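Engineer: Opening piece of the complex, as it sits:
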Amino acid sequence: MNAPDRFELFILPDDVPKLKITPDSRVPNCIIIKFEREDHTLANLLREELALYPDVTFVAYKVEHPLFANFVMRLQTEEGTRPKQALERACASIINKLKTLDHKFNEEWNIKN
Amino acid sequence: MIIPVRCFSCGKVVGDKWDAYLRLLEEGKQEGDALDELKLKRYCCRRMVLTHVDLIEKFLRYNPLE
Amino acid sequence: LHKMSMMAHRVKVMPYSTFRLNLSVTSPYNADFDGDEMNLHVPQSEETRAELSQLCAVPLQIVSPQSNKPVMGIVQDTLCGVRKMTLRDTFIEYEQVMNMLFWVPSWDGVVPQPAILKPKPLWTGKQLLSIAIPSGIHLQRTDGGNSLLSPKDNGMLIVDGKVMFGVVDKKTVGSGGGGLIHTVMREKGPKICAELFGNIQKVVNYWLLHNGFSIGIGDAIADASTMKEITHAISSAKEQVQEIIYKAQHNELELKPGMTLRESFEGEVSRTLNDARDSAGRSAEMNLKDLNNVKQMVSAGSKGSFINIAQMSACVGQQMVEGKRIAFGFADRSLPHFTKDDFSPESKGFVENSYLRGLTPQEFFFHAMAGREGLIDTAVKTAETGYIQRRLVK
């Protein structure tokens, strides 16, 4: 009866940004990013994809409570890399792989019919 | 009561397969084999039809309310 | 019921209308989650706010002068999980370790050195448990006369707050005084002892997620050979009680101090079937593996004990009323399925079976009388306890 909305899982509020960055000044070259309105489905995909790269050193996320559709992530790469750039390249590579995936799947369903 | 639509666990729509299930039962089938023919292979869509017990016949036993 | 049973807290606002707790505070209030009610009084002034915030707050009531020990410890899952985590042969890849050390609110930002460098970096979980516990601790314990060489890997020595060896279990981090929590309290004040429970529970829940842990019907089963050994032993015990019957009903039995003939007879019976139960449960404990789940839980002590596994798998033992064996409810027998004056264990309520095999109906009913004792106790003597406690208070 205090039951909230279940479009709190994907729709952002008005003056809240979708992507809220705060750089963590404990160690150099690390950042904390307050993602709005998601779950694991973004996060794990970003985790393992940020994992295998060389220049990335530390990357870790947590979902503070699963009855709230938010999560927060930590991102420290090496010295040289602005890590935001690395994550943008990470998105580029993921969409590259998946668009290749859709492409060959279309071809394979064309053959299998 | 009356058959639900999906499964409770998975979500394969099953509600159509009630009348066919009774008609397969009429010939003397066995209930597992009847579910076998309907293509129900996870047990989720096997408990969503196997357990189910029927009351809405009893509600239509009330000779007219109006 | 004691001076922690009112404790101050802080406010966290959540939807979905129930009260949320930490689960380390489950022990002092004595609350389970089968539907308890807990109240919430509110201050209406500044004065009472500071009164609560400086005295009745949880971090200032950790150590109970009842028994000069901490009474707020670790409960079911965090405990049995951390015991599964810091066994010696548990290794973790670096990637999952990134998250696991992200969960600590007091982690600085420095990973430890992985305890293997090559051929592929791993860890062991004791260093991750060392990430939580702050700098400035010592704890030395000798269990069973261990060495500094540690073959059984029990015991515990901690220097710097980094674990050196040992399986961290209840008898270190439970409610036991002179344990880890008490030591942290004495050496660091309240607040770091507050953050101890946060660090440990969040860590071991994330890891007990990605490991997982379960319990299945096989876990109370031992192989057929150990079942044969338990059956042989308890059969030999029934031979022993037949010897008791033979000598005492052939009047060859010697009488103990202070007890007459039937009292020492029943006392002999009680000792002998308890010996049956103890040796049989011991054999069934000895056979079971260590990847076996139930033995992990009892050897963690988060819930249960030795007699649990003995009763589930090997033997339940004697059904009691008021400490004794069961009265002949009728003349000379304690059901109408028995003969007269048969003091055999299956008459007056010894479950020979496990829980697992099934009970004969009579044995089921005698265990019903056991539950009957427990019910009448827990809803009758609490009268006397309440009245006594009111009178000592006033």
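Structural biologist: Perfect, I can see it now. Numbering: from 1, shown residues only, chains lettered A, B, ... in the order given.

Engineer: Name the residue of chain A that lies nearest to chain C.
Structural biologist: With C-beta to the nearest C-beta as the measure, residue A:60 is the residue of chain A nearest to chain C, at 3.7 Å. Quick note: C-beta positions are derived from backbone N, CA and C, even for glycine.

Engineer: So which elements touch the helix or strand hosting that residue?
Structural biologist: Using DSSP states H and E, residue A:60 sits within strand A:56-62. Other helices and strands packing on strand A:56-62, by 3 or more C-beta pairs under 8 Å, 6 or more residues apart in numbering or on different chains; DSSP states H and E, are helix A:40-51, strand A:71-77, helix C:94-102.

Engineer: Distance to residue C:71 added to the ones you listed, as a markdown table?
Structural biologist: Shown next, in a markdown table, are the helices and strands packed on strand A:56-62 (distance: least, C-beta to C-beta, whole Å):
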| stretch | distance to residue C:71 |
| --- | --- |
| helix A:40-51 | 37 |
| strand A:71-77 | 34 |
| helix C:94-102 | 29 |
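
Engineer: Go through those and pick out the most buried.
Structural biologist: Comparing the helices and strands packed on strand A:56-62 by mean neighbour count (mean count of other C-beta atoms under 10 Å in any protein chain shown), strand A:71-77 comes out on top with a mean of 21.

Engineer: Chain D comes next; put it on the structure above:
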Amino acid sequence: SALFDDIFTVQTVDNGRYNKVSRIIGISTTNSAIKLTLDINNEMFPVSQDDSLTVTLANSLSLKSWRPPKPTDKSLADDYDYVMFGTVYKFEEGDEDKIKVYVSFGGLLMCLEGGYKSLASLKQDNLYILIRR
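Structural biologist: Same chains as before, plus chain D:
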């Protein structure tokens, strides 16, 4: 850099309580009454009875938080096969030459006895290990 070197005989292996971790007891060849015990992982480096072990203790693998290693750098460990880091937790000057060093590899153990003339430099805090072959 290396503060120890010796070659060892594998006499006993205890898998036992642990499916992934075994205990070796190595008695030295080059100078006996140097007893060495090292708990070890099977599936990173399986060992067996009566093999040969080159055992080395160092304090710096150069010839602060650990990142995973680059390719461009290099270590002392590059000619080795099982590299574990540890901590010197108990140093006991005993008898005539019963000199026992207890250094722990984080849940793993390492007892060492023998002559003072070998172990005399070992009084440190963080001591590696580097098994060859």
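
Engineer: hmm, back to that, now the strand holding residue A:60 against strand A:71-77, angle please.
Structural biologist: 170 degrees (axes from the mean of the first three to the mean of the last three C-alpha atoms, to 10 degrees).

Engineer: In a strand, residue D:26, correct?
Structural biologist: Yes. Using DSSP: H, G, I helix; E, B strand; the rest coil, the secondary structure at residue D:26 is a strand.

Engineer: Relative to residue C:165, how far out is it?
Structural biologist: Taking C-beta to C-beta, to the nearest Å as the measure, residue D:26 falls 20 Å from residue C:165.

Engineer: So these two - more neighbours on which side?
Structural biologist: residue C:165 (26 against 22; other C-beta atoms under 10 Å in any protein chain shown).

Engineer: Quick check: bridge partners of that one?
Structural biologist: Beta-bridge pairing for residue C:165 (DSSP bridges): residue C:157.

Engineer: how about the residues of chain A near chain C?
Structural biologist: Residues of chain A found near chain C (C-beta under 8 Å from any C-beta of the partner chain) are A:1-4, A:24, A:26-27, A:30, A:47-48, A:51, A:58-62, A:67, A:74.

Engineer: and with 10 Å instead?
Structural biologist: Within chain A, the positions near chain C by C-beta under 10 Å from any C-beta of the partner chain are A:1-5, A:8, A:24, A:26-27, A:30, A:43, A:47-48, A:50-52, A:57-62, A:64-65, A:67-68, A:72-74, A:76.

Engineer: Also put chain E in, sequence below:
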Amino acid sequence: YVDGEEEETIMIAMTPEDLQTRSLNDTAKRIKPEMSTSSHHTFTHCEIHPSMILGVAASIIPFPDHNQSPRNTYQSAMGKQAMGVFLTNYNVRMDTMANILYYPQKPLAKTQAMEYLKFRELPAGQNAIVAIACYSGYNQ
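Structural biologist: Just below you will find chain E, in place on the chains above:
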């Protein structure tokens, strides 16, 4: 018929396989006593069925003979608080409390006794999927 006074003067075996003295060492079954005291018994009575010792809110329970008996008492004193179907004429009846549970399934662990409380034709719950595994501390 017997009441509690003739219960004094009888001699029962539990199941009709125990009337004939039977025939091992299998670690699945259950162990009846031998009853080798009287070589030549005169059994006068044998139970129709042992699960007929129960109460009405007790025969519902799947296998009562494998539990710690306070939980048997708890299940019998909770079985009365099921949401389900109370009588089939909730259209015309006007009562201050009534609750229909939507989708009531006869349990796959039915008994043979639930035919005689009609509970397989009026159930008060469902079959949902059990998975006994600590997942993220929420079932502590």
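
Engineer: What packs on strand A:56-62 again please, this time with chain E.
Structural biologist: Judged by 3 or more C-beta pairs under 10 Å, 6 or more residues apart in numbering or on different chains; DSSP states H and E, strand A:56-62 is in contact with strand A:30-35, helix A:40-51, strand A:71-77, helix A:83-112, helix C:94-102.

Engineer: From chain D, how far off is the residue in chain B that chain E sits nearest to?
Structural biologist: The nearest approach of chain B to chain E comes at residue B:51, 3.7 Å away (C-beta to the nearest C-beta). Using C-beta to the nearest C-beta, to the nearest Å, residue B:51 is found at 43 Å from chain D.

Engineer: Now the phi/psi pair for that residue, please.
Structural biologist: phi -70, psi -20 (degrees, to the nearest 10).

Engineer: need the contact list for the nearest residue to it once chain neighbours are set aside.
Structural biologist: Using C-beta to C-beta, 6 or more residues apart in numbering or on different chains and skipping residues adjacent in sequence, the residue nearest residue B:51 is residue E:105, 3.7 Å away. By C-beta atoms under 10 Å, 6 or more residues apart in numbering or on different chains, the contact set of residue E:105 is B:1, B:8, B:47-48, B:50-53, E:120, E:123-128.

Engineer: Show me just the buried residues among the residues you listed.
Structural biologist: Among the contacts of residue E:105, those scoring as buried are B:1, B:8, B:47-48, B:50-52, E:123-125, E:127 (criterion: 16 or more other C-beta atoms under 10 Å in any protein chain shown).

Engineer: what's the helix or strand for the residue nearest the centre of chain E?
Structural biologist: Among the residues of chain E, the one closest to the centroid is residue E:59, at 2.9 Å (C-alpha atoms, centre = their mean). Following DSSP H and E, there is no helix or strand that holds residue E:59.
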